Amino acid sequence: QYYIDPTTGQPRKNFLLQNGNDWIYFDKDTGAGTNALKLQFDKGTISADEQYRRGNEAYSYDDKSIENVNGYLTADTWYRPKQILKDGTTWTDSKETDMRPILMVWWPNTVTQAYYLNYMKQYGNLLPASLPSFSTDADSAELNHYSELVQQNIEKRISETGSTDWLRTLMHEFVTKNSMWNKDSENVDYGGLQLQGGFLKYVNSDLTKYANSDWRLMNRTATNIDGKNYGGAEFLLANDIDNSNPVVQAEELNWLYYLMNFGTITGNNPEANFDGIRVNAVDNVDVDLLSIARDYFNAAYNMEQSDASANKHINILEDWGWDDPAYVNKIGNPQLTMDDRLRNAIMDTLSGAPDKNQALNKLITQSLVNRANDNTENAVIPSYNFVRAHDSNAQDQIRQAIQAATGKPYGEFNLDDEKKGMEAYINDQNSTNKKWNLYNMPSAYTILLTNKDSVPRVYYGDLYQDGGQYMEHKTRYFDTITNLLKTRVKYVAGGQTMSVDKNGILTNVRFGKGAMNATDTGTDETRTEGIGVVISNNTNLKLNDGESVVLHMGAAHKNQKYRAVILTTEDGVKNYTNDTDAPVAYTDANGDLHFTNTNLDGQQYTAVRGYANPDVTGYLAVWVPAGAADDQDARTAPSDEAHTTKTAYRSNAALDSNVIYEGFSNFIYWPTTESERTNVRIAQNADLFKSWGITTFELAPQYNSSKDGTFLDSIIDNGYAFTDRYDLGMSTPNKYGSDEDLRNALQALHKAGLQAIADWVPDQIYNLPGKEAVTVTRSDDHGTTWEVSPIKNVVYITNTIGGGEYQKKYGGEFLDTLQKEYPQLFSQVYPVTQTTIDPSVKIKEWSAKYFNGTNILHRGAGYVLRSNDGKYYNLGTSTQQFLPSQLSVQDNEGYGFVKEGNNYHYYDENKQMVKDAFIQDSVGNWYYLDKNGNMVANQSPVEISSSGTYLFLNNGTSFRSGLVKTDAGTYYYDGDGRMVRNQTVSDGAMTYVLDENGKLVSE
Ligand SMILES: OC[C@H]1O[C@@](CO)(O[C@H]2O[C@H](CO)[C@@H](O)[C@H](O)[C@H]2O)[C@@H](O)[C@@H]1O
Ligand SMILES: OC[C@H]1O[C@@](CO)(O[C@H]2O[C@H](CO)[C@@H](O)[C@H](O)[C@H]2O)[C@@H](O)[C@@H]1O
Ligand SMILES: [Ca+2]
């Protein structure tokens, strides 16, 4: 049972020997001999091709074997194959860390497969440099050959590097290049409020049931309560919060309570709580929110009782739509509407360039109040007004100045870029001709601060330079505007008149406290109160001789000395903070002040005419009575009389005694030292703000920025874009300081007697880290389906799960207290939902079920993998378990080597019988199927073309690299199974000389 050679002591291995009628084969490994006539085809044998197909099957359908989201696969999915073709030669069982790209073995179509090949060659160096680009009409057997080559080379590089880090990077660079897996398939569009280039709304589906909702009532603003009109746009930025969901409404009330009790809750400090709210982005959320805030303020503070109790919680709305005020009035003015009619009237008549400004009459009429003869109180809708804001006429223009100074694209910049752009912006601000800055700021502010029936709001960026550390550098307007502000406290009260004469000159008059009309003789205090204002927008203004401008100061101001507050000059303006050296004018017996093209009593700049300089383009002059005492205070304290009417705020002299300060810019820089922190510095200046007549300080939103860079808010970290609703400089400082600095700022403000406003931002949330498969439809900013988009009821990977430790710590936690203390809040039916808030479920973590949708994320229409027929692949979690065919376990009945009669056939991948071909098995042997499809296994010399002489043992294996000793001589078959003739050969140590018939001569 061994055949050794007795002379050389060597055994013969892989040797077939004839012993009479007996045939003995001595095997490869040990030379162990066995009856050659009894060798049988191993019926468990598989082909080399079959092993390749099986190695690439998924190890399993568990979460760890196949990277997924809710069971769905993505173009980025890596998986654990059953076997790894290690170093591109040896099939080896996979470990659980042997994850591989699904795109190494599967493609959505053969076009993509071909692009994959060209990309892996050109960018991965995974195929020979000089190989033709693969074509659209590329053969599928050619594509498959070279896909296997790529596999082999990938495993080769993985072996030299011991890593797939390079491969994660390369595959995602490749993915990113396909239209179906990038923004090209998302219909990028910036129309309306698609500030980030597009929206996807969340829709109910059986495929993604955990993200379904009974609510998602969209666009339901003050003009669209029932849902039958268009309303404002529901969609704005980032992840849009579904505020029509009763459970979400309860969570907004929870958060509102937190802000109003922030100092108690976070530091046991009753002096560190906010006093009011700014409702941010009102026209972008369910208007039910205005009613929920009202009801809570009514239960906690008794807002509607009297002016005294209401005015102790000044609240304002960011409500841009022109039909909003009537609505705000209808529901009790729980928060002040803005007067956008009036702000626009200022933009149109003062704030434009000399050749853009319109006649000044509109300042009198285009407003919630007609100011021709404003001589009553409690008769109009109460409002706040303003000239600029952190966004309005600041953020766009500043980004223009940044782009112009640096050359970078719009809205992209680093801190050096901001600074250079700020330099350019401030130079523009200080020119006569302005490109990025508003004109006539002195006049605009004079209108702002002398209007009756208005709570004016002063903007930080008009007192201090927008870019820089908090309060670092003053604007050119600081003296002018603060002069106006202290003058407002001291003199501005009572009735108002406005008219525009024949020369287009506006005269604006306040009578002082105790007089509503020009005919009222007023009280004691009236005498040295009131104000007279002359404005023109005509840089070329010239009055003709004799012509004049009359201010009708009134019957309380007959034969009286007035002195200048502000005069226009050639290069600017002159400010006078009191009576010293201020030019004078005298009223006549009628109380009329007269100006002409001539100076009064030889005093320079007391004549009326046009100027054009960095402050004034047109004309500004402001006059008050002389000889007011230095402590004169013209304000009116709110009455604690019971309200006859269901409202909170009333438009009167007490409300008119309030000034809001918007105390930030988007462009405040990050502090370089703790003393530079906005909120520390706010704490140091509360008396300064009080001196200006500021009664409420509007703080920036204090939520920690997402810092994700997906919008201006998360570039300069203003606080409008955040992940965690309850993290107010707590996890780490916000741009303005720690939560400690915040509390100290609030406590210091309260010490001065100032209120403080929390910016309430219930529209949206940014940068949630947890992925979620959601059925989405591409849509405009109202959620109207984008008709040309193929993204329609399509599963899509969203970033919708998370919210921070503070949302987790506090979400829903005060709902108990609220039920206990104010049960009345939980019984109110709100107008859009027509049911109550729902406190029975606490939100401690966000997921898609609580969102109306998201900006487009640039993952691509096809990112979530589906078969040709539209069926989604899935592990089995969210829908039917269905995996690609190359990952799936295949039925092998009829495939591979099948016995039929006394023959073995081989049926290929298409179940095709193979004829006249060699097939290699997974362990290295070759087999030949003859022209009839029949495995040869007869142990006889046979001629085969592709001619050579082959011999196949009874188990069908091609005999090869060995000797055959028959009674008629010995033959040698080479490494390819072909008989050798007529040469000397060497196989290892053995040398074999063969003649022309193949017979062995010597060895
Ligand atoms: O900022 C873009 C755009 O948003 C509006 C919406 O009213 O501004 C308010 O809401 C945004 C998201 O909360 C903030 O970016 C913005 O600062 C805030 O005032 C529009 O005013 C502004 O044009
Ligand atoms: O808001 C109306 C406005 O949206 C536009 C472009 O911003 O169209 C989008 O919204 C449509 C509503 O019918 C989709 O059907 C459409 O595919 C998409 O362009 C404007 O056409 C339309 O005036
Ligand atoms: Ca919204």
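When a residue number appears, it is its place in the shown sequence, counting from 1. No hydrogens, no waters, no symmetry mates; every other heavy atom, side chains included, goes into these values. Order of listing sets the numbers, starting from 1, for every ligand and every atom in it.
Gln395 NE2, 3.2 Å is the protein heavy atom nearest to atom 1 (O) of ligand 1. Nearest protein heavy-atom neighbour of atom 10 (O) of ligand 1: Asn280 OD1, 3.2 Å. Counting only heavy atoms of the protein, atom 3 (C) of ligand 1 lies nearest to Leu195 CD1, 4.1 Å. Of the protein's non-hydrogen atoms, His390 NE2, 2.7 Å is the one closest to atom 17 (O) of ligand 1. Among protein heavy atoms, the minimum distance from atom 7 (O) of ligand 1 is reached at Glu318 OE2, 2.9 Å.
Those atoms of ligand 2 with a heavy atom of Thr784 less than 4.0 angstrom away are 12 (C). Listed by atom number, the atoms of ligand 2 under 4.0 Å from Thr785 heavy atoms are 14 (C), 15 (O).
Nearest residue to atom 21 (O) of ligand 1 from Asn666, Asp713, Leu236, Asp391 is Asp391 (criterion: closest heavy atom).
Contact of the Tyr327 side chain with the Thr223 side chain is not registered, since no non-hydrogen atoms from C-beta on lie closer than 4.5 Å. Counting heavy atoms from C-beta on, the side chains of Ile716 and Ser705 never come closer than 4.5 Å.
For a threshold of 3.5 Å applied to N or O pairs, the pair formed by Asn284 and ligand 1 contains no separation below that value. Considering backbone and side-chain atoms together, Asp780 places an N or O closer than 3.5 Å to an N or O of ligand 2. The shortest N or O to N or O distance between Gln194 and ligand 2 is not below 3.5 Å.
Among the heteroatoms counted here (N, O or S) of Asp763, OD1 is the one nearest to the Ca ion (ligand 3). Within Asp240, the N, O or S atom at minimum distance from the Ca ion (ligand 3) carries the name OD1.
At a heavy-atom cutoff of 4.0 Å, ligand 2 is contacted by no atom of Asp781, backbone or side chain. Contacts between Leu237 and ligand 1 below 4.0 angstrom, taking non-hydrogen atoms only, involve the side chain exclusively. Under 4.0 angstrom from ligand 2, the non-hydrogen atoms of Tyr230 all belong to its side chain.
The Ca ion (ligand 3) has an N, O or S atom of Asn284 under 3.0 Å away, backbone or side chain.
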